[PDB]
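These numbers come from the heavy atoms of this one structure, side chains and all, not from hydrogens, waters or symmetry mates. Quick note: residue numbers are just sequence positions, from 1. Numbering of ligands and ligand atoms starts at 1, following listing order.
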Amino acid sequence: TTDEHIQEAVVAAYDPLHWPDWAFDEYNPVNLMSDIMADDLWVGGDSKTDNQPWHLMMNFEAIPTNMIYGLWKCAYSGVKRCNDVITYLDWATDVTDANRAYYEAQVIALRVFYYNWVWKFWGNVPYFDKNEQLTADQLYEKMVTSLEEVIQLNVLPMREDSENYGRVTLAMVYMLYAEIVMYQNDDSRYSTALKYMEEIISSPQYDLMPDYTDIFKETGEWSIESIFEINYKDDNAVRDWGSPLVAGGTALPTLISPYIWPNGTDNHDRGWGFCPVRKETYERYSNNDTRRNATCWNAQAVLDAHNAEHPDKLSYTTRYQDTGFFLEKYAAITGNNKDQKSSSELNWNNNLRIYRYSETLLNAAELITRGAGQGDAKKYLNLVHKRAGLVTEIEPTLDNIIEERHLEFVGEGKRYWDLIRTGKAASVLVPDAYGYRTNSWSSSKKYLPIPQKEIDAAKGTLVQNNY
Ligand SMILES: OC[C@H]1O[C@@H](O[C@@H]2[C@@H](O)[C@H](O[C@@H]3[C@@H](O)[C@H](O[C@@H]4[C@@H](O)[C@H](O[C@@H]5[C@@H](O)[C@H](O[C@@H]6[C@@H](O)[C@H](O)O[C@H](CO)[C@H]6O)O[C@H](CO)[C@H]5O)O[C@H](CO)[C@H]4O)O[C@H](CO)[C@H]3O)O[C@H](CO)[C@H]2O)[C@H](O)[C@@H](O)[C@@H]1O
């Protein structure tokens, strides 16, 4: 009813962003949930029954009774908190026009963000704009119409300040617009998407970090390259097993760091050996590409060298699908949970990078090649390519742009969605030579099985996907 209470409610609508990595008794880190269905990582852990839903999804054999349910609950918690704010604003007095617009812009952009999670993973899902199963195509029209309404409020700044980093901005809204327009293959909005990407490119407060290896460091958080991140902190963080929803750190580096690594060696710490980096991922980089070592941390070579320098035979404990490589971007780094005050496992400081300026450039290059209008697709592609330390210029073909995204975004939740929307999934996601993936992707796998408990509780109102 008052301004101060709506302000607190707006803050609460942001909280589900930082939940899925540990919430509702599951690990569903949203970047890995898509990346394990692509061609860059294995699943790992103790065996195929450790986080079993992950191994089933990876092999296109998810089942409604053994599914990732946490992310579903996170997304719909988000939607509910945004809906709360729209309803509260109906019953509010002495809120300025500007503050009313600002509160609406934030919670409607977040609502589309949360719906994007369930739209991409499950497609045909229930919709509510106040506290009905839509087709994927019907949810899309709701989402993109909401984003149009947020842009037209004309209230969001292009970039936030030190104090407010993590708040919705116009650039975040633009990147979210491009993500859903491109996943839908809605070419009637390609022109508008390209105009929005060019507005970010024209801004002098977004640019590439000159060193790719500086992006994923703590000092790289909210750099000139960052459009949107989900904030995680170790500073007096008290996220715990029984209190997963409190704003502290992330579980992600504990999941994907080497099992019984000797903490502090090469300033890396131990984890549970999930998402080992495939050897093929390391091999697809040129020796000149700075992304190779920023993506692929060779844990085994570090100990091989150490055991020749100081011959204590150090080892880590190899788990399932071990390769010797781990995802350096979100690896446990000595000191990145040092200031936490609860369980150190859940309180890593690593922000989750959602949108980076390199995705602005590759979005623009791709929209130009898909007929969105004139622009310098070759300049935009080659800015990303050259930042990686490659000196030879490449043409802005769709295949070169899609492969640049592949090199640029391992572990960032982009590749699986890129493979489906470009029509490459059926050709790329086939049985491997290791006997790990034994199934082939097909269009029926586009949308996961809806969790059985949701099918049951809805008593026929929710129709199961034919996965
Ligand atoms: O498949 C994935 C993977 O799973 C592994 O299993 C996981 C399993 O290890 C985990 O087990 C829990 C375990 O970590 C936990 O241990 C407690 C620890 O949490 C406790 O820490 C306390 C904090 O609780 C406390 O926090 C306080 C905070 O709650 C309060 O609100 O605020 C206070 C400040 O204001 C704050 O203090 O803070 C103190 C420090 O002051 C901490 O010490 O400490 C004890 C050690 O003393 C430790 O034993 O116990 C839990 C009991 O519930 C266990 O559940 O659980 C996961 C989820 O179920 C499992 O995934 C497997 O091992 C791997 O093989 C798999 O690969």
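- Given atom 23 (C) of ligand 1, the protein heavy atom at minimum distance is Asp240 OD2, 3.3 Å.
- Taking the ring centre of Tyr183 as origin, the terminal cationic atom of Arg421 falls outside the region bounded by 6.0 Å and 45° from the ring axis.
- Between atom 16 (O) of ligand 1 and the options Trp241, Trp54, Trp22, the minimum heavy-atom separation is to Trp241.
- Between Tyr14 and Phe113, the distance from one ring center to the other does not fall under 6.0 angstrom.
- Closest to atom 1 (O) of ligand 1 among all protein heavy atoms lies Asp50 OD1, 2.6 Å.
- Distance from atom 42 (C) of ligand 1 to its nearest protein heavy atom, with residue and atom name: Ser342 O, 3.9 Å.
- Residue-ligand proximity: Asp46 is placed with every non-hydrogen atom at 4.0 Å or more from ligand 1.
- Scanning all protein heavy atoms for the shortest distance to atom 34 (C) of ligand 1 gives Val238 CG1, 3.8 Å.
- Ring geometry, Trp72 versus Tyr76: the interplanar angle falls from 30° to 60°, so the pair is classed tilted.
- Checked against the 6.0 Å centroid threshold, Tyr320 and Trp42 do not count as a close aromatic pair.
- Applying the 4.0 Å criterion to heavy atoms of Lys341 picks out, from ligand 1, the atoms 36 (C), 37 (O), 38 (O), 40 (C), 41 (O).
- Both tests hold for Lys73 against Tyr69: distance to the six-membered ring centre under 6.0 Å, angle to the ring axis within 45°.
- Relative ring orientation between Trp261 and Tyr316 is described as tilted, the plane-to-plane angle lying within the 30° to 60° band.
- Geometrically, ligand 1 and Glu345 share no nitrogen or oxygen pair separated by less than 3.5 Å.
- Per-residue contacts place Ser343 under 4.0 angstrom from the following atoms of ligand 1 (heavy atoms of the residue considered): 18 (C), 19 (O), 21 (O), 23 (C), 24 (O).
- Residue contact annotation: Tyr259 has no non-hydrogen atom under 4.0 Å from ligand 1.
- In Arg319, the part holding a heavy atom less than 4.0 Å from any atom of ligand 1 is the side chain.
- In terms of protein heavy atoms, atom 63 (O) of ligand 1 is closest to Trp272 NE1, 4.7 Å.
- The aromatic rings of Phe216 and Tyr212 sit tilted, their planes meeting at an angle between 30° and 60°.
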